[PDB]
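Chains D and U are the protein sequences, given in the same order. Per this note's numbering, residue 591 is the first one in the first sequence, and the count goes up by one each step. Per this note's numbering, residue 166 is the first one in the second sequence, and the count goes up by one each step. So the structure is just underneath, and the comments pick up after that.
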Amino acid sequence: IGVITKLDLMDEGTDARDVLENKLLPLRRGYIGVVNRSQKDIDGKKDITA
Amino acid sequence: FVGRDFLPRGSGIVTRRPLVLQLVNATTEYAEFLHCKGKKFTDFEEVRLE
């Protein structure tokens with residue numbers, strides 16, 4: 591399972607649409623995009639619901 | 166570092182190959198190529214595009 595994380599930290603002018611839609615890199619099951627927690631969120635202790 | 170914008174970059178792989186820059190001290194500031202012998206460029210944008 592290939593996962594591309596922290597999708598809120600991308601370069602200005604860019605998008606991961608063709609990467610996550612299994613178009614830039616051909617994969618059998620494609621990718622699943624999540625956003626993990628940065629160091630600020632690590633310090634803030636973000637829970638499951640939020 | 167040069168001071169003028171004439172070298173590409175971008176999303177995905179764009180900055181791929183450096184330039185063969187042979188700087189020669191002369192009076193007139195211009196540019197010439199191996200594959201464009203007979204033609205002289207004065208703009209680095211023209212250099213970048215070709």
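We put the CB at the ideal spot given by N, CA and C, even for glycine.
Query, Result
"If we count the other Cβ atoms within 10 Å of its Cβ and call it buried at 16 or more, is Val624 of chain D buried or exposed?", "exposed"
"Within 8 Å of any Cβ in chain U, is that where the Cβ of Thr639 of chain D sits?", "no"
"Examine chain U for any beta-carbon lying closer than 8 Å to the beta-carbon of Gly603 of chain D, and answer yes or no.", "yes"
"Return helix, strand or coil for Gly168 of chain U, following the three-state DSSP convention.", "coil"
"Starting from the Cα of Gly175 of chain U, find the closest Cα among D:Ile591, D:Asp605, D:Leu597 and give me that residue.", "D:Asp605"
"Rounded to whole angstroms, what's the CA-CA distance from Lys202 of chain U to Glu194 of chain U? Just pull it up for me.", "17 Å"
"Have a look at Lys596 of chain D and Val185 of chain U and give me their C-alpha separation to the nearest angstrom.", "38 Å"
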